[PDB]
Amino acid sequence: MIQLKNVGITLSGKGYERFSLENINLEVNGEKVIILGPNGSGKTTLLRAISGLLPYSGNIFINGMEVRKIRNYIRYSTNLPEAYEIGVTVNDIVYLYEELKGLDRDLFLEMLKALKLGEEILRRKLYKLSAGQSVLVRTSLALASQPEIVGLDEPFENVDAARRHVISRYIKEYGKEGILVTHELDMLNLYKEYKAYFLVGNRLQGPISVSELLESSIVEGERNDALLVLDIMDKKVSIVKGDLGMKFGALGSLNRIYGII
């Protein structure tokens, strides 16, 4: 169980003149959900707060433990870069995570091998890895502890198509509950059985089936049989089943939600 109860976090600025997320509410149990939002919407900041890495207003509970009361929880994992020491070798990180999270070295090595990332990658310092390599290694570290609950940031960004498919197989197999955040729409076709929320309108809005989203259309206005109605600046944007408008599948970029209106 992950509960966000009236969470607020500052995204930019300070004091009287800041921009923040406010009144963020979400409960997730027994499943992974995807939070979709444009770059800059605060998705990664939300995951950092849930992972104990940033202050926030309101309360976040993981299995009834408020996040301020958690120094480490062996059953939770994140791939966020803040959880890993860019400076030491991957092998060094593997040793820490074996104890910190109960990471299984053999399973980790199995993932690296499936990802066709060489045996030598262990000997490499984390900071020195490419963006695609870094995220694959960090996602693999998160999953190889067989977490019950996982917070995954942009696990597909800068990752080639083949390795996206490999890591998706592991994402689906490991960590039954959690939150995956992404701005990338081209990956949703592998996640039809999952629920999604949109971070837009200064709100977390949803849930909607990804299966239904992928075959939906998006239109201005509040429509009657809509799968989901989004509130944005002042307007309403409806996600509708079948052909009332342009295909969500062809959207290309989430920023185009603002544009269609």
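All residue numbers are counted from 1 along the displayed sequence.
Mean CA temperature factor is higher for 23 to 31 when stretches 23 to 31 and 64 to 72 are set side by side in the entry. Between 190 to 198 and 215 to 223, the higher mean Cα B-factor belongs to 215 to 223. Per the deposited coordinates, the residue with the largest Cα temperature factor out of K125, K172, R138, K101 is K125. Taking the deposited Cα B-factors for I93, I149, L152, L115, the highest one is held by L115. When the modelled residues of the chain are ordered by their C-alpha B factor, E119 lands in the highest third. For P81, the recorded CA B-factor ranks within the middle third of the chain. Only modelled residues enter the ranking. Among the modelled residues of its chain, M233 has a C-alpha B-factor that falls in the highest third according to the deposited record. Among the modelled residues of its chain, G242 has a C-alpha B-factor that falls in the highest third, as given in the PDB entry. Per the PDB record, residue ranking by Cα B-factor puts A161 in the highest third of the chain.
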